[PDB]
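Trainee: Count the sequence shown with full-length UniProt numbering and you get residues 26 to 460, in order.
Can you keep this structure in mind? I'll have questions shortly.
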Amino acid sequence: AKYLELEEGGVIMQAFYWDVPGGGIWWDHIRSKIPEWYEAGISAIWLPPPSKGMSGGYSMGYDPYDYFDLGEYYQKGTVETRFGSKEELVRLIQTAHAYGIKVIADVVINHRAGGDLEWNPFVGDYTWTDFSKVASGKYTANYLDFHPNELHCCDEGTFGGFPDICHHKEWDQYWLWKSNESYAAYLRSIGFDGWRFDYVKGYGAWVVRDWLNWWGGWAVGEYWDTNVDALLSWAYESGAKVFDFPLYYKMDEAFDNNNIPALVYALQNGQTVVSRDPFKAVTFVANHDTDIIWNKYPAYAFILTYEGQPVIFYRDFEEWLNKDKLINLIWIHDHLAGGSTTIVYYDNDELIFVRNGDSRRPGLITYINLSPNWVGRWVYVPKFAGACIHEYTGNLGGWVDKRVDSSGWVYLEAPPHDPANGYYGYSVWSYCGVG
Ligand SMILES: C[C@H]1O[C@H](O[C@H]2[C@H](O)[C@@H](O)[C@@H](O[C@H]3[C@H](O)[C@@H](O)[C@@H](O)O[C@@H]3CO)O[C@@H]2CO)[C@H](O)[C@@H](O)[C@@H]1N[C@H]1C=C(CO)[C@@H](O)[C@H](O)[C@H]1O
Ligand SMILES: C[C@H]1O[C@H](O[C@H]2[C@H](O)[C@@H](O)[C@@H](O[C@H]3[C@H](O)[C@@H](O)[C@@H](O)O[C@@H]3CO)O[C@@H]2CO)[C@H](O)[C@@H](O)[C@@H]1N[C@H]1C=C(CO)[C@@H](O)[C@H](O)[C@H]1O
Ligand SMILES: [Ca+2]
Ligand SMILES: [Mg+2]
Ligand SMILES: [Mg+2]
Ligand SMILES: [Mg+2]
Ligand SMILES: [Zn+2]
């Protein structure tokens, strides 16, 4: 990558959204963006589930049918998946690698879909559990591979009415990750570096732990819950990171309702994954399932200057927000945003905090303002005492430098929050001469 690598906490780009244009053009489209994302500082890309789904060309990949068909077998009415051909996917992955950008596979293994009808003796009725006809000829399955079966009636959870995979069966373990012929092996063989596990609340953390013991690589699990104890419990049991949904909902409460204290209190009370273990939290402002934060500028300013590992949503970067602002924040994240965090000030519409720096990043001062007016106030930041500080976003309208007195006091300023008029509501500062 250009700056920090994925394993170093680099910025991740979720390279899709719900219902992206079909026709098998997505892999090629994302490939065309790789050079631009490289220059922007992106360290890795998270791609949608790559396998042929039940809905064929209409599938977003979350209804996997033939795990080993990445768009090269004719079935479910199409050869390519909604995203493209296997060849196009491999080309995308290898192109990302050419630019030093890692690739994350979206692993959907709680359930399967598109199976044929067969008599299920455990249910006493017909179920869509016959996967004997998958065109790849790999990982066929039947009622013995789903719940209920002879081992138990169910596991941690189900997803709608889709057949629920029983990972306790050796056949399923072998085909998913526990062998050199597995789905994990296949994904790794074509270049996937890391993993994003879908609906992990639906099965045991032990599944992800064994998968990682076999293949390693960066990993995150999608555990949809606001209970931090549950998310972290899963994170430690699985050995993977978790998406910080608690932070997401708190940022909505705070930035969308002029109520920053709600966020600060959640952080201070360990009610976010990031404020408890920033090495386990994958932060985000929006994703393909939920997008409730309207005031995205202060939200991105926050996750790109605060602790944790941030993910930028495709639509925000490529379609909806001022791309230059996100490019600037990525630079700030990788060059200045390091160390512990000290909250300097906060009220309904203002948030000022300091990143104390680490071995590679000197630290910074973030000043978020939700009000439609210019704001300024004296702040006590002894870390920068007697130093020359520079504003690195340009949001004040130009080149701005300030001299912090020997005591640590300096008059900090932030622009109005009025994106409709070109004002973004935040300023970021650090030592002069960094870059
Ligand atoms: C690279 C790292 O950057 C960020 O981590 C910072 C923490 O958020 C801060 O709290 C602070 O942690 C310090 C510890 O509290 C202290 O006990 C001691 O261990 O020193 C730490 C600082 O050196 O500073 C951290 C570094 O700036 C970010 O939040 C975090 O996600 C990043 N971790 C990445 C790096 C590695 C391996 O080297 C992987 O474990 C993670 O998956 C990466 O995301
Ligand atoms: C070949 C077969 O392998 C797997 O089936 C094994 C089950 O997973 C095990 O749990 C065990 O099932 C036995 C029960 O433990 C026992 O209580 C009793 O119910 O007998 C069961 C066996 O009849 O052993 C099974 C292997 O003998 C895998 O789960 C399963 O999908 C595999 N079936 C393939 C074979 C056909 C036949 O045309 C197709 O229907 C399927 O698509 C194939 O995948
Ligand atoms: Ca399940
Ligand atoms: Mg195509
Ligand atoms: Mg909202
Ligand atoms: Mg105020
Ligand atoms: Zn089971």
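We treat Cβ as the ideally placed atom computed from N, Cα and C, and that holds for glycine.
1) Give me the Cα-Cα distance between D235 and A326, rounded to the nearest whole angstrom.
2) Would a C-beta distance cut-off of 8 Å place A230 and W259 closer than the cut-off?
3) Any idea what DSSP makes of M276, helix, strand or coil?
4) If you run the structure through DSSP and keep just helix, strand and coil, what is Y405?
5) With a threshold of 7 Å (Cβ to nearest heavy atom), would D44 be considered close to ligand 6?
6) Roughly how many whole angstroms lie between the Cα atoms of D374 and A279?
7) By the 10 Å Cβ neighbour count, where 16 or more other Cβ atoms means buried, how is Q119 classified, buried or exposed?
8) So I129 packs on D218, CB below 8 Å; how close in whole Å?
9) Between which two residues does the alpha helix (DSSP H) holding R116 run?
10) Kindly indicate the opening and closing residues of the alpha helix (DSSP H) around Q293.
11) Please name the residue in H442, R402, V406, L389 whose C-alpha comes closest to that of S455.
12) Tell me which residues share the same chain as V253 and place their Cβ nearer than 8 Å to its Cβ, disregarding the 5 neighbours each side in the sequence.
13) Tell me whether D88 is buried or exposed, calling it buried when 16 or more other Cβ atoms sit within 10 Å of its Cβ.
14) Cβ-heavy atom distance between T152 and ligand 3 below 7 Å?
15) Classify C178 as buried or exposed, calling it buried when 16 or more other Cβ atoms lie within 10 Å of its own Cβ.
16) Considering Cα atoms alone, identify which of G458, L376, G382 is closest to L437.
17) Which stretch, first to last residue, makes up the alpha helix (DSSP H) that contains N353?
18) So the candidates are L257, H360, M79; which of them puts its Cα closest to the Cα of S384?
19) Taking the alpha-carbon of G216 as reference, which of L117, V159, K226 has the nearest alpha-carbon?
20) Quick one: what's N145 bridged to in DSSP?
21) Under the criterion of a Cβ to heavy atom distance below 7 Å, does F378 qualify as lining ligand 1?
22) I67 and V36 look like a contact to me (Cβ under 8 Å); what is the Cβ gap, rounded to whole Å?
23) In the structure shown, what three-state DSSP assignment does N394 receive?
24) What is the residue span of the alpha helix (DSSP H) that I59 lies within?
Mentor: Considering the structure as presented:
1) Sequence index remark: in the sequence shown, residue 235 carries index 210 (1-based). Sequence index remark: in the sequence shown, residue 326 carries index 301 (1-based). Between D235 and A326, the C-alpha separation is close to 36 Å.
2) Position 205 of the sequence shown, counted from the start, is the residue given in the question as residue 230. Position 234 of the sequence shown, counted from the start, is the residue given in the question as residue 259. Contact: yes.
3) As a working note, residue 276 is residue 251 in the sequence shown. Here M276 sits in helix by DSSP.
4) Position 380 of the sequence shown, counting from 1, holds the residue named residue 405. Looking at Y405 - three-state DSSP - the assignment turns out to be strand.
5) Residue 44 sits at position 19 when you count from the first residue of the sequence shown. No, ligand 6 has no heavy atom inside 7 Å of this Cβ.
6) Locating residue 374 in the sequence shown gives position 349, where the first residue counts as 1. Locating residue 279 in the sequence shown gives position 254, where the first residue counts as 1. The alpha-carbon atoms of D374 and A279 are separated by roughly 9 Å.
7) Along the sequence shown, read from residue 1 onward, the residue named residue 119 stands at position 94. Label assigned to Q119: exposed.
8) In the sequence shown, the residue the question calls residue 129 occupies position 104. In the sequence shown, the residue the question calls residue 218 occupies position 193. The pair is a contact, with the Cβ atoms about 7 Å apart (cut-off 8 Å).
9) In the sequence shown, the residue the question calls residue 116 occupies position 91. Run containing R116: 111–123, per the alpha helix (DSSP H) assignment.
10) As a first step, residue 293 is located in the sequence shown; it is residue number 268 there, counting from the start. It spans 285–293 - the alpha helix (DSSP H) in which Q293 sits, taken as one unbroken run.
11) Here residue 455 is taken as the residue at index 430 of the sequence shown, counted from 1. Here the closest residue by C-alpha is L389.
12) Here residue 253 refers to the residue found at position 228 when the sequence shown is read from its first residue. If we look at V253 and ignore the five residues flanking it on each side, its Cβ neighbours are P271, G295, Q296, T297, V298, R301.
13) Mapped onto the sequence shown, residue 88 falls at position 63. Flag for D88 reads buried.
14) Taking the first residue of the sequence shown as 1, we reach residue 152 at position 127. No - ligand 3 has no heavy atom lying nearer than 7 Å to the Cβ of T152.
15) If you number the sequence shown from 1, residue 178 lands on position 153. By the 10 Å Cβ count, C178 comes out exposed.
16) Counting from 1 along the sequence shown, the entry for residue 437 is found at position 412. The option with the nearest alpha carbon to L437 is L376.
17) Counted from its first residue, the sequence shown places residue 353 at position 328. Looking at the DSSP string, the run of the alpha helix (DSSP H) that includes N353 is 348–360.
18) The residue given as residue 384 occupies position 359 in the sequence shown. Nearest of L257, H360, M79 to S384, Cα basis: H360.
19) Taking the sequence shown and counting its residues from 1, one reaches residue 216 at position 191. Comparing Cα positions, the closest option is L117.
20) As a first step, residue 145 is located in the sequence shown; it is residue number 120 there, counting from the start. DSSP lists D150 as partners of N145.
21) The count along the sequence shown starts at 1 and reaches residue 378 at position 353. No.
22) Residue mapping note: residue 67 aligns to position 42 of the sequence shown, counting from 1. Residue mapping note: residue 36 aligns to position 11 of the sequence shown, counting from 1. Yes, they are in contact, since the Cβ atoms of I67 and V36 sit about 6 Å apart, within 8 Å.
23) Here residue 394 refers to the residue found at position 369 of the sequence shown. In this structure, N394 counts as strand in the three-state DSSP scheme.
24) For the purposes of this step, residue 59 is taken as residue 34 along the sequence shown, with counting starting at 1. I59 -> alpha helix (DSSP H) spans 51–65.
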